[PDB]
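So that the names make sense, note that chain A is the first sequence line, chain B the second, and so on, each numbered from 1. Atom set for the values below is all heavy atoms of this structure, side chains included, hydrogens, waters and symmetry mates excluded. Both ligands and their constituent atoms are indexed starting at 1 by order of listing.
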Number of protein chains: 2
Amino acid sequence: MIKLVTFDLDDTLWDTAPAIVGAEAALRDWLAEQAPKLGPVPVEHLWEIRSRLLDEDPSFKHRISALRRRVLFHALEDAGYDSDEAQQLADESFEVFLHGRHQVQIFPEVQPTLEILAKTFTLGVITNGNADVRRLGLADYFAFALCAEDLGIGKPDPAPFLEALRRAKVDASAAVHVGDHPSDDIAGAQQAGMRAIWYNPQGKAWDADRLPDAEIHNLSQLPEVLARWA
Amino acid sequence: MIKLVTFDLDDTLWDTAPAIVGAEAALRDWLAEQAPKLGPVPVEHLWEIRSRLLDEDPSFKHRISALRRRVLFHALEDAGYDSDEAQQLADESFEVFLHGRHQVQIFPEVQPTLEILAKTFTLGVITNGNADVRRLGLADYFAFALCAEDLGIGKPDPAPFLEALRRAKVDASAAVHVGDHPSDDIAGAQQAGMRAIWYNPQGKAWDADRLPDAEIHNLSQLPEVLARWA
Ligand SMILES: [Mg+2]
Ligand SMILES: [Mg+2]
């Protein structure tokens with residue numbers, strides 16, 4: 001019997017692109033006004049900085065919020081601001097980015113289904129990103145929410161899955177992870193010993209030899225799918 | 001005595017930022033027109049694909065045009081388009097980017113100075129980017145123009161500098177490189193045995209032990225600086 005069901009956030013519970021596009025635009029406009037010494041910055045330029053940081057410390061890849069604040073800092077300093085005002089503007093502009101990326105549209109299928117599942121399963125979140133369920137309508141459905149930045153390591157590494165299993169106190173064979181990414185969610189959870197349900201609403205083809213343990217196109221299929229393994 | 005002067009392009013012969021920003025926007029606009037299925041894509045989403053390609057083939061960093069075309073390809077195809085239409089769209093959208101990329105405003109100090117220098121020195125270009133002087137009114141001042149994409153290796157590696165010396169048929173002690181970047185241009189050229197002149201119009205501070213052989217804020221200072229080493 002399945003005791004634990006964990007879920008990926010971006011493109012599993014909502015479409016990721018729109019809220020991140022809006023967040024970028026918001027970050028952009030706030031800098032144009034509040035840091036007018038930085039000026040129109042090509043995507044190319046933040047990346048140059050980002051890549052230097054990742055070369056100096058590759059583990060930054062698992063700390064996406066810290067990484068972005070640091071990139072913003074270096075860009076600001078390098079455009080003329082005092083170390084102190086740069087840090088302070090970096091901090092403020094990031095908080096504007098982060099408020100923006102939380103303006104997501106949760107799929108309609110999500111709340112009704114989480115409510116059903118919570119009657120019978122312990123539920124958790126495992127995300128590489130910086131969407132925080134407490135900021136959304138969702139904190140109360142989940143026993144816990146894990147993110148790579150707090151762990152210092154992200155999916156598909158075993159660590160985040162093992163930590164979920166620890167917090168629930170269940171063995172891998174009693175757990176299912178649900179997500180949209182073939183490598184991060186599916187292969188990741190399976191290599192940690194769990195079952196994995198692939199969320200594929202657009203009906204994409206699967207191309208790895210090990211199959212998802214199930215595939216769905218709508219989250220409200222979860223209760224029937226999980227009952228298979230009861 | 002000085003026979004060869006080589007010059008970096010971006011941020012030494014013109015401001016880097018504006019033409020590239022315009023290019024990104026033109027690229028953005030043309031794709032909303034001819035590739036409606038891709039839709040508004042977060043900068044973050046291109047970085048992931050870019051990062052993926054740089055993983056399978058790290059030498060992609062020296063092929064910036066080819067790299068962008070491949071990233072455009074994968075985003076279009078992974079947006080639904082067939083391998084055929086993706087590739088034609090990638091290729092076409094890239095040419096639009098590249099055209100916009102060449103709408104630079106050459107510093108007024110440049111042409112008058114190149115004309116003077118050309119009378120007594122061999123002039124060359126050494127760049128990691130995809131600005132092509134042949135597409136600009138500047139082509140006639142230069143004997144050669146090396147880019148990292150054609151050499152498969154970029155500054156600060158000594159290879160592009162050593163190639164320049166071979167094209168001009170002179171020894172390193174007979175050569176000077178002019179550039180804005182402390183590592184790519186200055187340290188790079190000096191480690192290859194050349195003299196290096198730091199283009200620093202904004203009056204930034206220099207913080208490496210080894211000094212640029214000279215520092216200027218206006219390209220028209222070159223004739224007098226070069227005369228020091230005659
Ligand atoms: Mg996801
Ligand atoms: Mg440059």
Task: Side-chain donor/acceptor of A:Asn128 to backbone N/O of A:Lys155, under 3.5 Å - done: yes
Task: Side chains of B:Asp180 and B:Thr12, donor plus acceptor under 3.5 Å - done: no
Task: Heavy-atom neighbours of A:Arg63 CZ exceed 12 at 6.0 Å - done: yes
Open item on the list: Can you classify the ring geometry of B:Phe161 versus B:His177 as parallel (below 30°), tilted (30 to 60°) or perpendicular (above 60°)?
Closed with: perpendicular
Open item on the list: Does either side chain, that of A:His181 or that of A:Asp8, offer a donor lying less than 3.5 Å from an acceptor on the other one?
Closed with: no
Open item on the list: I'd like to verify the contacts: list protein N, O or S atoms under a distance of 2.8 Å from the Mg ion (ligand 1).
Closed with: A:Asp8 OD1, A:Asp8 OD2, A:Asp10 O, A:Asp180 OD1
Open item on the list: Going by ring-ring contact (aromatic ring centres under 6.0 Å, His included), name the pairs with one or both residues in residues 121-153 of chain A, residues two or more places apart or in two chains.
Closed with: none
